[PDB]
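Novice: so I've got this experimental structure, pasted below with the sequence.
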2 protein chains.
Amino acid sequence: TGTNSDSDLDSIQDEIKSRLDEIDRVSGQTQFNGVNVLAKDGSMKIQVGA
Amino acid sequence: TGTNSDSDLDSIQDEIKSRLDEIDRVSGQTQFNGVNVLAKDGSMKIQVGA
C-alpha cells in the first residue's frame, strides 16, 4: 500500500525478517530420535514386511 | 527398519553377537558319554541285530 511511509515499511520489514528467521529455526531444530526430518532431502525406509 | 537410529544398531548388534556366541557355545558344549554330538559331522551305528 502506497499510504504507508518509509518508517512503516521498515517496521514491517523487521517483523517479516523475524518471521523468516523463525522459519529457518523451526526447520533446523525439529528432529525425531536423533534424526532431523526437515534437515536434508532424502528417503526414509519403513520396513513393514516380515 | 530405518526408523531406529545409528546408536540403536550398535546395541542390536551387541545382542545379536551375544546370541550367536551362545549358539556356538551350546553347539560345542553338548555331549553324551564323553562324545560331542555336534563337534564334528559323523555317523554312529547302533547294533540292533544278534
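Specialist: That came through fine. Numbering: from 1, shown residues only, chains lettered A, B, ... in the order given.

Novice: how far away is the residue nearest to the spatial centre of chain A from residue A:50?
Specialist: In chain A, the C-alpha nearest the mean C-alpha coordinate belongs to residue A:23, at 2.3 Å (C-alpha atoms, centre = their mean). For residue A:23, the distance to residue A:50 equals 41 Å [C-beta to C-beta, to the nearest Å]. (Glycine included, C-beta is placed from N, CA and C.)

Novice: so residue A:9: helix, strand or coil?
Specialist: helix (DSSP: H, G, I helix; E, B strand; the rest coil).

Novice: confirm residue A:3 sits in a strand?
Specialist: No - according to three-state DSSP, residue A:3 belongs to no strand; its state is coil.

Novice: one step back: what's the spacing between the residue nearest to the centre of chain A and residue B:5?
Specialist: 26 Å.

Novice: contacts only, for residue A:4.
Specialist: Counting by C-beta atoms under 8 Å, 6 or more residues apart in numbering or on different chains, residue A:4 makes contact with residue A:12.

Novice: again, 10 Å this time
Specialist: By C-beta atoms under 10 Å, 6 or more residues apart in numbering or on different chains, residue A:4 lies in contact with A:11-12.
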